[PDB]
Amino acid sequence: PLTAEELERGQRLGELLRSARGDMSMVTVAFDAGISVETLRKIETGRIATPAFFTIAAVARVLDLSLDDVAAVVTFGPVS
Amino acid sequence: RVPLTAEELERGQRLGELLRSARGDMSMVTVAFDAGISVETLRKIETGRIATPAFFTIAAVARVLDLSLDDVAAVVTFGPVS
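If you read the sequences in order, they're chains B and A.
Going left to right, the first sequence walks through residues 5 to 84 as the entry's author numbering numbers them.
Going left to right, the second sequence walks through residues 3 to 84 as the entry's author numbering numbers them.
Structure representation (structure tokens):
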């Protein structure tokens, strides 16, 4: 089973990505990243137990986010 | 079975090669221990034998290796090719 601290990070991750998407459409982000809307939806909502590195890397690219920044706040929470 | 695409396998292999080069002379056991994974997992990652490497695993290994994930992600393409 996934750990408590693992499902927390999932939620943190999804919230960060959703925020970065802002008003951009889910369809356009998914197309530019090469993933499904379903996957993107699941990630944004924290429903994926272990998201794939290349999935997060692709979304981050499209959304102009640093992966190092992403990693830091999944594992530690956002500020403040 | 869902097969990988040529592009997926190749990205996995590039990622593995980059992590292996970053490890350099450092011990696989030490890397695996500090990242919180098995040597078997690190071996498979380094040699491109994991079908879908997990974000949190790659992040942990990169941190141990003082390697920036942005620098690593830079070697690949995502999306329309064009």
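We put the beta carbon where it would ideally sit given N, CA and C, even for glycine.
Going by beta carbons, A:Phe-57 and B:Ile-60 fall inside the 8 Å limit.
Between B:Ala-37 and B:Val-77, the CB-CB gap reaches or exceeds 8 Å. Within the region 68-81 of chain A, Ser-70, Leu-71, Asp-72, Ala-75, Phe-80, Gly-81 place their CB atoms closer than 7 Å to a CB of chain B, listed in sequence order.
For the pair B:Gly-81 and B:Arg-16, the Cα-to-Cα distance works out to about 6 Å. Under the 8 Å criterion on CB atoms, A:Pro-5 is classed as non-interfacial with respect to chain B. Its Cα nearest to that of A:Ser-84, the residue B:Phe-35 stands out among B:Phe-35, B:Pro-5, B:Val-41. Residues of chain B with a Cβ closer than 7 Å to the Cβ of A:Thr-54 are, in chain order, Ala-56.
Put simply, the CB of B:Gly-38 is near chain A, with a gap under 8 Å to one of its CB atoms.
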